[PDB]
Every structure is written in structure tokens, then in C-alpha cells.
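Take a look at this single chain, the form deposited in one PDB entry, given in C-alpha cells.
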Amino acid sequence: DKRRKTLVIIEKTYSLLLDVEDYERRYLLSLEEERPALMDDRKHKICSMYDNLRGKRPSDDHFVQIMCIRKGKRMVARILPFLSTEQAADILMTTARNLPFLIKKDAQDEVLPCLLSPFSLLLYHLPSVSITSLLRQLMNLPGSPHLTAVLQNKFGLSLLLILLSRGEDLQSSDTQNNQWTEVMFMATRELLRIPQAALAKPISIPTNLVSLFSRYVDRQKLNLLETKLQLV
């Protein structure tokens, strides 16, 4: 159906991507000649890709449709590092907001995991509040919060872990407190609730996750999480 029309948005945007990747590529392998990067004329293309992913607010429809086609996801995964921190945060927020539905349409293709790396790097430019918002969004709070579909998914589960992890980095360097502790009591709770079998296989399991859960759970249940996630 409209998959046909959306496919056009993708190709239109894909062409922009290759152009941007071409300049970056040829510039990165010529770091002698010691010449300043000429980005003045390239910049309006990045915004164009962002617009094509959303297009001012606008409903999640435009973006979600794109994130259902195999090429769409692979594309977005490559567009991310070109976007500004805000643009990428919007994409990540919008992804988590509709993640349950995106996992369903990714049943056959299973290409979501290629977004993990791009999002990983994004999280290191995000402050405490943003991480909480992302987790709060992923878990569906404020609205009825569930994550079952998320934990039973490689990317969903791996994303949850990278978020909780980054949140540890920033919460250790010490309504955020209420927001964060709720998202942490929901995280640990739902993590203990899920059966060992239904849990997906995480791509990269962060080391500081033991310390994090040490703050919201007792020794007894903490061991459960260790054996539960190969925590390290």
C-alpha cells in the first residue's frame, strides 16, 4: 500500500545520505593537504534528511512508516551520526515511543540491532534529564507503563541496558529524583518479573549495571539479576 509512497521518501533521503557520506569519506582519507572542511553548502542536506524523517508538531506516522521498511531502519542508522544532538534525541525519543510497534514490523527483517551502535554514541552527549526522559518514554510512563515486548527483544533490551548504564555514569558523578527513582524501581521490578527464558540476548552488557541495581535492590535480588543478565 502506502509502503510504495514511503519507499519514495526513503530513496529521496537515501540519495542525500550517500552524498553526505561521500564527502565525509573522501575528506577523512585525505587529512594531509591540511585543508579546512567546506561544510557551508552541505549543512542544508542534513536538515533535509531530518525533515524527511519527520517534517514539521507532526504525527509519528511519517517516521514510523519509514521505520517499518527494512531499508528505512538501515538508513536511519547511518543518518544518525550526521544529525545534531537534538535531532538525534528526537529520533531516539520517537523510536522508544513507538518501539513496541516497531518490533512487530521488524519480526522478519530483524534489522533494529543496527541502530544500537549509533544510539550508544548519542547517549554520551546527553545529560541526566534526557536519559530519564528516554527511559521514561521507553517504559511508557506516564501513560500505562509496560515493557514486556522490549525485554523479549534484542534491541529493546540492549537499548534499555545502555540507557540505564548511561544514567549510572551521570547519577554517580553527583523532579529528576522522583522521575529517575521511579524509572529505576520500574526497571528493577520489571527486570525481576520477566522469566529468564523470555529475555532476549543483549548485544553489549555494560559493566556498571551491577552498581546501578545495587542502589535499588537488596543482595538477594541483586544476585538474581547477575545470573539473569550475565551481569559483570
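All residue numbers refer to positions in the sequence shown, first residue = 1. Whichever C-alpha set is largest while still superposing within 1.5 Å between the two forms counts as the rigid core. Shifts are known only where both forms have a C-alpha.
In this entry, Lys56 and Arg57 are separated by 4 to 9 residues of the deposited sequence that lack coordinates. Per the record, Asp174 and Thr175 are separated by a gap of 4 to 9 residues from the deposited sequence that were not modelled. 145-153 and 118-126 differ in mean CA B-factor, and the higher of the two is recorded for 145-153. As recorded in the PDB entry, 30-38 is the stretch of 30-38 and 203-211 with the greater mean C-alpha temperature factor. Per the deposited record, the Cα B-factor of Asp218 falls in the highest third when ranked against the other modelled residues of its chain. Among all modelled residues in its chain, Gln196 ranks in the highest third by Cα B-factor. Per-chain ranking of the deposited C-alpha B factor places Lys104 in the highest third. Per the deposited record, the Cα B-factor of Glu182 falls in the lowest third when ranked against the other modelled residues of its chain. Among all modelled residues in its chain, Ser84 ranks in the lowest third by Cα B-factor.
What comes next is about the form deposited in another entry, which is not displayed.
For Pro195, a C-alpha deviation below 2 angstroms is recorded between this form and the one not shown after rigid-core alignment. Once the rigid core is used as the reference frame, the Cα position of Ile205 differs between this form and the one not shown by less than 2 Å. After superposing the rigid core, the C-alpha of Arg25 moves by 2 Å or more between this form and the one not shown.
Legend note: Cα of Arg35 to Cα of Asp19 is at least 3 Å closer in the other entry than in the depicted form. A change of 3 Å or more separates the two forms for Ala37 and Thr85: their C-alpha atoms lie farther apart in the other entry. Core aligned; runs of 3 or more residues with all CA shifts at 2 Å or more between this form and the one not shown: 24-41, 141-144, 177-179, in sequence order.
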